[PDB]
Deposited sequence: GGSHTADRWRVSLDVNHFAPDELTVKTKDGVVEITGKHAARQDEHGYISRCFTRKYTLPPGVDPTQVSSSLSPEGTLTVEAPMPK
């Protein structure tokens, strides 16, 4: 009654200009990695999920401007 909460974060990935991004969810942590390539450049950024989030329901999208949005349904 009557709320559908979401966890959501966004990353400006334009400057890094990844050749590939990976979004991995495990042990209540979301790990985002980018690789660009020498010189090869690599970054890793981690987020702690709120308690109760189902790892299979974490999704992401990359906008043409180079912003990566990652999100997931909140348990309750």
* To do: May I ask you to mark the stretches of the deposited sequence that the structure leaves without C-alpha coordinates?
  => 1 to 2, 40 to 46
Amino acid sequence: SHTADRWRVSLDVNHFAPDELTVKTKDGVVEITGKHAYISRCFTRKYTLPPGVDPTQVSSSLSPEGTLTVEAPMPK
From here on, numbers count along this sequence of modelled residues.
* Quick one: say whether 48 to 56 or 13 to 21 has the higher mean Cα B-factor in the deposited entry. => 13 to 21
* To do: Consider only the C-alpha atoms of the modelled residues in this chain, order them by B-factor as the entry records it, and name the third containing residue 30: lowest, middle or highest.
  => lowest
